[PDB]
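Below: one structure, written as structure tokens.
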Amino acid sequence: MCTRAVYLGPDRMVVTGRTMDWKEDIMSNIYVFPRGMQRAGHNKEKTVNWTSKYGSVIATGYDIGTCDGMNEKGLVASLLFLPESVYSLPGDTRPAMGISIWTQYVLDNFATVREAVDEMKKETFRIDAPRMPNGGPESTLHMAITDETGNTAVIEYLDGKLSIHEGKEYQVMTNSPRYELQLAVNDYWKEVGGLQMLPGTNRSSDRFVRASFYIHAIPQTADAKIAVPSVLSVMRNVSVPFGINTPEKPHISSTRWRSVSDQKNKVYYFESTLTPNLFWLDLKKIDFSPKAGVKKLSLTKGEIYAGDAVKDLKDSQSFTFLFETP
Amino acid sequence: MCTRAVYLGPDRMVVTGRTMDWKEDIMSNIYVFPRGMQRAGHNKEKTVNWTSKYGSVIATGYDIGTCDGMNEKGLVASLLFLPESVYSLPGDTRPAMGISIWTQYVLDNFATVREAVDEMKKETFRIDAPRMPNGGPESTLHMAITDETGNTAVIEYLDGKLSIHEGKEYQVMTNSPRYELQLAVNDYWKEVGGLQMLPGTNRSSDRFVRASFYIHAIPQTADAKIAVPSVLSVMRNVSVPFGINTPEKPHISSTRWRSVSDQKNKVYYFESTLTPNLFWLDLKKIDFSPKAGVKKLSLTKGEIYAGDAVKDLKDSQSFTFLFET
Amino acid sequence: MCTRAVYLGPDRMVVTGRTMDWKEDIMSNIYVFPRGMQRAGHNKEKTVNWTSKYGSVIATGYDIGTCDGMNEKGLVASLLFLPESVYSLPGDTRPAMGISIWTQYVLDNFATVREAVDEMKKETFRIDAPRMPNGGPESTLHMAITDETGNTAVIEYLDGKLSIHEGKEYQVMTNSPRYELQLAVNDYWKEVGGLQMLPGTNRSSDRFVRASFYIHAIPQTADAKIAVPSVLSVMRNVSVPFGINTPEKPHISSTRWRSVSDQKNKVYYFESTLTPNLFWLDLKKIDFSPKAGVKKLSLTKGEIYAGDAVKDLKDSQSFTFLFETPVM
Amino acid sequence: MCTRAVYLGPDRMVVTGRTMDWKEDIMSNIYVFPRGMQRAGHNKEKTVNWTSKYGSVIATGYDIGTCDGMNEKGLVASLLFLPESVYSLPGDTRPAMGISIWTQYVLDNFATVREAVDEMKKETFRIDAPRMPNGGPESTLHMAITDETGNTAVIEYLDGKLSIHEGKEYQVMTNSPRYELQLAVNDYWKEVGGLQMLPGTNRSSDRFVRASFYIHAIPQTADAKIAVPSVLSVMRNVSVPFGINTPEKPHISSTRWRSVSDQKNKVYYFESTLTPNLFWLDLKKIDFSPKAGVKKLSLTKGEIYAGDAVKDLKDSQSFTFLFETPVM
């Protein structure tokens, strides 16, 4: 489904691009959360609690949970699918955090990948993932976190144990297989040569190698007028065309929207496939004070935004995270 | 370099997407030409002359010639690169139409691919193609024409003799090789299966396979709100990421802009790689009357348009078609 | 189906390898035909006659026709499958040349490819191709011819019209598509790079690419001590493994034997996938005089030969050339 | 370089093929060691000692060490290259086992892989690997062991730590990368489909994928008449053509010989690329008595063997196991 890649340019130029592929309308919206909000990771289970240290600009999925976002300090989180994920084994009595609020937790409390990895390695809580609505798939996903320094951490749960890869070299991430096996698949195709032959299918590993090769070949610049379009360009390359279907594979997940986070200038770009314009939200022009209130930039009913979209931010109440089966 | 793909949806839905891949800034602008204009095929050689039978909205290359456009009747022309093109043999004394005006000639005089092919098969004129300016490649190009019925024609000049492939099934066109050999490369990759494996490099043959496979898999709809972004998503898949370079290969043809021409609703969409928005020009809202005045949609200034850009159309002079160095 | 590759080495070193894949057992046998023989290209229709000017060693298929062989002058003819072959148009009243003996006609009357192409381009006869007996395929095949010079011609019948590709660069031939489109597919993979990526599927275009790339990368030498084992290694790389099948694909054409013709030294090498040995028939030790008698190397009874097999040649009568489809 | 594949057929039919890909001539010879022989795993440092519990038929590499072979009880050990191999860390004081005799140690003392995996998991000794003589490569290799039950064990030394993968499904082994990562690359291509597209280059991962797909696609039969030629089909497909060279790559490792081990009938097949015949050593016709005499099948002098080669075994003395790199 999804595809993520991190560009590391000169003079702290860190730009993260993320693809969102889904078999149906994800109905994603943008929400602007100020700092100082208190939340809980679950409503019916024993849980942890926290007050948000940093405000964030996040994108939801079905308005039931957070899957991608960016906070004030340039830390970007992204929840990408992984069918082979098992968060815990039977009999785990740790405090349960819902899968929907897991991504919002790391954006609310950490300004550095070093900070997120150190706290998550404590394994104080388990991930609770019910089945997605509309009779959709099980919530088997992994996460990547990138700060303004270029460091990236890939978080995934395999048969109940925590697995982490930290380092600036882990810039790309897709879906299956496991992240160590994904690097082995990518290592093979680099021998073939990106200019010679590249796997151009919509498969998970195919988009991983194409994103890994192209993200290192785009110009090495610190100007946002060049970095953001070229990082977006490799996102559309690893994107899958809309409504792709064959008689033998009738329903396939098409790309619904894309996100490009300028972690240096603190700007969050966003584009939907069925809308013509690429808009953005300058976090430097957003008031994240605790008394600012929740603001929402809705995208469900086909609204068309352009340029800077802070003007079109409406006052709203935060969507309710879902932790249950329906 | 460039890639072209034609979508054949239900209820006479014809949408043609095209990419523009160039190593530097192509410096393309958009021009709105009214009907009834008089143009010549050259300025210093014997030629043919004609009065434009249909107005059109076109995109230029360095403002020296036309390489992409659509006219009143939904006929779309696109001039794509083909390094093995030889237009004539030495000693050709036919009238010499410049390569910069060849694309405009088709958009000015023909409303049907059947009409364009019948006139072209008389071979009244030859193509005089000087080299592109400032150390650029030599103007070896082939063209593709698609009308509102879905019929497509591929016109190539090989070994001085004109070759033409016309038919609704010729929906995709790229660069090398010649069109019959390109179809064999696509025939081989269809044996493998698009879902099983697709060649995913920026090569001409590879971009041809991905465009042909995806253009037949996108939804079969007549809604422009679904068909236009779908074929536009296919053109981005066959696009080349911006500024691609390696130590082995210092300069590589990068995608600079895209065009998606809705041939049923007569709408000409356009977006640039470095601009964030996708604007369009609705030809039904454009006055193509013989004395409406030439209008221009400038793009070299780095301007940013959104939605319908007919509001941003300004009075302008027709650009100078170059026929020499 | 079948793959053909021609090695062009220094000092007139011309070595041609060929594979043979089939659904079931081919029942192939090797026949040695001296000179001065008469053959009619058909049994019931109007036909052309000829007397053999050159003797040849040949391999059969089901003992109903010639599909691979080499004559005294170093000319090697190979008949490989081409599904889109259309030999004639309706209403053709030309003399009929049976497809079973079309390959023997080349080895019998021509010493260089120049003589074979000149005679074929006259289009005196048409190819009469009956259906293969007992539910077999349609007799749709094309032929490649190589002389000791190294010149090669690929002869195909497309839509009832004769098509020729002559030249020394035309060293490799497989099955479909036609040779013009087949070179376009091979050109694409040459843009990829043989060492960077090669298509390893047993299909026709992929075997063409590997044969095309590996036949040019083996050592350039005139020593048959090196060239023949190297050409065989190429034909083995492009050969498909034995008895390959999957649940989705129950029956797949599988290589059964390979032949490598040393056109310089007039040596005909041969091996079968089920037999452990690679034997040969040195044509310089064979008597092709008009009344030397027909000889045959039996291969259908599971025979095992080794080294030089001329001593193992047995007196035999020539097989029946099939020109119709037998009633079953 | 080289590749190894294990075939698992019905009725305990286990056949193991192996290629030998080398830059220059490998100078391999075949030795027949009877049981009850005493050897030491090193020459100058602290070492373990053992006496042969089972005799073995092995092939050498420069006759400085054992690289491939099979013992009396059907166990087959194969030492293939692995550049990233690190056998120990600085400061290791365990008994030193020479890499040249490691393969001999396995074929001498173990009848099943379970016995071998258990004894090696003790980590009693360390592998001592000097650089190959005369500017040769560093002796970085791994080994695969397969018994007559069909179970295979891949043993690799990664960052100075022993890594073992045991299981019937581990039937294929090449070189780089690590076996954990190597299976992931093959997992990727299995999604693409063997009949849709196979990587046809000579890369280590590519020959791995083609070997895995074709070793499962050959017919499942207990008949040796079909098994060992079908396993021969695979090892020939994953073999690399002889003397492959390009202007950018002057030296590429080409296949020099291939060995096929019938682990049910205890037969060791062998064929060289420059030799036309596939010969075999029947272990049931070989006497491994404590004093039957160490014998040798010489292959360095262009010898051509055929059929059962137990007749051509000459009494000889065993080669020197190299434990250092000789001074030049």
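Laboratory data are not the source of any read-out in this text; all were calculated from the coordinates shown. No Cβ is skipped: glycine too gets one built from the backbone with ideal geometry, and neighbour counts run over all protein chains shown.
Using each residue's phi in segment C:218-228, evaluate 6.51 cos²θ - 1.76 cosθ + 1.60 at θ = phi - 60° and report the 3J(HN,Hα) Karplus result to the nearest Hz, with x for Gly and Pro.
Each residue of segment C:218-228 in turn: 6, x, 8, 8, 8, 7, 5, 4, 10, 5, 4 Hz.
Rounded to the nearest 0.05, what FRET efficiency do A:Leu89 and B:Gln220 have when you use their Cβ-Cβ distance and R0 = 41 Å? The partial results should precede the final answer.
Details: r = 47 Å, r/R0 = 1.14.
Efficiency computed from Cβ-Cβ geometry: 0.30.
Using helices alone, I'd like the mean residue ellipticity at 222 nm for chain D: each DSSP H run of four-plus residues gives -39500 (n - 2.57), total over residue count, nearest 500.
Numbers: 5 runs with 61 residues, N = 328.
That comes out to -6000 deg cm²/dmol.
What distance in nm separates the two pseudo spin-label positions at B:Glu115 and C:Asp159, each 7 Å out from Cα along the beta-carbon direction?
Computed distance between label sites B:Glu115 and C:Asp159 equals 3.0 nm.
Build a GNM of chain B with springs between Cα atoms under 10 Å: which of B:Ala292, B:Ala211, B:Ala144 gets the top mean-square fluctuation?
B:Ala292
Rounded, prolate or oblate: which fits chain D when a ≥ b ≥ c are the square roots of the eigenvalues of the alpha-carbon gyration tensor, with rounded for a/c under 1.5 and prolate only if a/b beats b/c? Mind dumping the intermediate values first?
On the way: a/c = 1.29, a/b = 1.12, b/c = 1.15.
Rounded shape, in that the Cα axes give a/c under 1.5.
Return the average number of partner chain Cβ atoms within 10 angstrom of each residue Cβ along peptide A:183-190. Don't skip to the end; give the middle numbers.
Values: counts 2, 11, 7, 1, 6, 15, 3, 0.
That works out to 6 on average.
Taking amide H atoms as placed 1.01 Å from N in the peptide plane, list the residues 5 or more away in sequence, or in a different chain, whose amide H sits under 5 Å from that of A:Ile58.
Residues meeting the criterion, in which the H sits 1.01 Å from N, are A:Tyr31, A:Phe33, A:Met70.
Per DSSP H run of at least 4 residues, take -39500 (n - 2.57); add these up for chain B, divide by its residues and hand me the 222 nm value, nearest 500 deg cm²/dmol. Write down the numbers at each step before the final one.
On the way: 5 runs with 59 residues, N = 325.
Using -39500 (n - 2.57) per qualifying helix, the result is -5500 deg cm²/dmol.
Give the long-range amide H neighbours of C:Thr201: residues separated by 5 or more places, or on another chain, with amide H under 5 Å away, using H modelled in the peptide plane at 1.01 Å from N.
D:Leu198
Can you pull the mean other chain C-beta count within 10 Å for peptide B:301-307? Before the final figure, lay out each step's value.
Numbers: counts 0, 1, 0, 3, 1, 7, 4.
Across B:301-307, the average partner-chain Cβ count within 10 Å equals 2.
Just to confirm a number: summing +1 for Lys and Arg and -1 for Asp and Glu over residues other than D:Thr16 whose beta-carbon lies under 13 angstrom from that of D:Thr16, what do you get?
Numbers: positive: D:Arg4, D:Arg18, D:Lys168, D:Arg258, D:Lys264, D:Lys266; negative: D:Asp68, D:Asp147, D:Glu148, D:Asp262.
It works out to a net charge of +2.
With a 10 Å Cβ neighbour count serving as the proxy for reagent exposure, in which order, fewest first, do A:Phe242, A:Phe33 appear?
Values: A:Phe242 22, A:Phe33 26.
Fewest-to-most Cβ neighbours within 10 Å comes out as A:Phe242, A:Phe33.
Report the charge-dipole magnitude of chain C in Debye, nearest 20, computed about the Cα centre from +1 at each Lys and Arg Cβ and -1 at each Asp and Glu Cβ. Provide the component values of the computation, followed by the final result.
Numbers: 38 positive and 38 negative charges, 106 e Å.
Roughly 500 debye, rounded to the nearest 20.
Charges only on Cβ, +1 for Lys and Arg, -1 for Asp and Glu: so what's the dipole of the protein assembly as shown about the Cα centre, in debye to the nearest 20?
The dipole of the protein assembly as shown has a size of about 40 debye.
Could you state the number of Å between the C-alpha centres of segment A:133-154 and segment A:200-216?
Here the answer is 18 Å between Cα centres.
Tell me the label-point distance for the pair D:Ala40, D:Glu248, using the 7 Å Cα-to-Cβ offset, in nm and rounded to one decimal.
Calculated label separation equals 5.0 nm.
Looking at the square roots a ≥ b ≥ c of the eigenvalues of the Cα gyration tensor of the protein assembly as shown, which shape do they give, rounded for a/c under 1.5, prolate if a/b is larger than b/c, or oblate?
Working: a/c = 2.44, a/b = 1.22, b/c = 2.00.
The shape class here is oblate.
Contact order normalised by length for chain B, with contacts defined as Cα pairs under 8 Å and 6 or more residues apart; what percent is it? Don't skip to the answer; put the middle values down first.
Working: 766 pairs, mean separation 82.2, N = 325.
Once normalised by length, the contact order is 25 percent.
Per residue of segment C:143-148, in order, report the coupling 6.51 cos²θ - 1.76 cosθ + 1.60 (Karplus, θ = phi - 60°) as ³J(HN,Hα) in whole Hz, putting x for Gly and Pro.
Whole-Hz 3J(HN,Hα) from phi for segment C:143-148: 10, 10, 10, 9, 9, 5.
Please arrange B:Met27, C:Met173, B:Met197 by how many other C-beta atoms lie within 10 Å of their C-beta, fewest to most. Present the calculation step by step, with values, prior to reporting the outcome.
Working: B:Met27 14, C:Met173 28, B:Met197 22.
Ascending number of Cβ neighbours within 10 Å: B:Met27, B:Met197, C:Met173.
Classify chain A as rounded, prolate or oblate from the Cα gyration tensor: take a ≥ b ≥ c as the square roots of its eigenvalues, call it rounded if a/c is under 1.5, otherwise prolate when a/b beats b/c and oblate if not. Let's see the in-between values first.
Numbers: a/c = 1.30, a/b = 1.12, b/c = 1.16.
Rounded shape, in that the Cα axes give a/c under 1.5.
Picking from D:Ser163, D:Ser254, D:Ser78, which is most flexible by a Gaussian network model of chain D using Cα springs under 10 Å?
It is D:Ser163.
If amide H atoms are built 1.01 Å from N in the plane of the peptide, which residues on other chains or at least 5 residues away come under 5 Å of the amide H of D:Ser88?
Close amide H contacts, sequence-distant or interchain: D:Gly160.
Provide the percentage of antiparallel DSSP beta bridges, counting only those with both residues in the protein assembly as shown; round to the nearest 5. Before the final figure, lay out each step's value.
Values: 264 of 281 bridges.
The answer is about 95 percent antiparallel.
Give me a single rounded figure for C:273-280: the average over its residues of other chain Cβ atoms within 10 Å of their Cβ.
5
With a 10 Å Cβ neighbour count serving as the proxy for reagent exposure, in which order, fewest first, do A:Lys53, B:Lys46 appear? Intermediate values should be presented prior to the final figure.
On the way: A:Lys53 16, B:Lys46 11.
By the 10 Å Cβ count, ascending: B:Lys46, A:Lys53.
If the elastic network links every pair of Cα atoms under 10 Å, which of C:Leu162, C:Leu80, C:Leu107 fluctuates the most in the Gaussian network model of chain C?
Its mean-square fluctuation being the largest, the pick is C:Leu162.
Given R₀ = 35 Å, FRET efficiency for B:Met27-B:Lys311 by Cβ-Cβ distance, to 0.05? Walk me through the numbers on the way to the answer.
Working: r = 23 Å, r/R0 = 0.66.
Result of the calculation: an efficiency of 0.90.
Using 1/(1 + (r/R0)^6) with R0 = 56 angstrom and r between the beta carbons of C:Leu89 and A:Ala40, what's the FRET efficiency to the nearest 0.05? Working shown, then result.
Values: r = 83 Å, r/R0 = 1.47.
The computed FRET efficiency comes out at 0.10.
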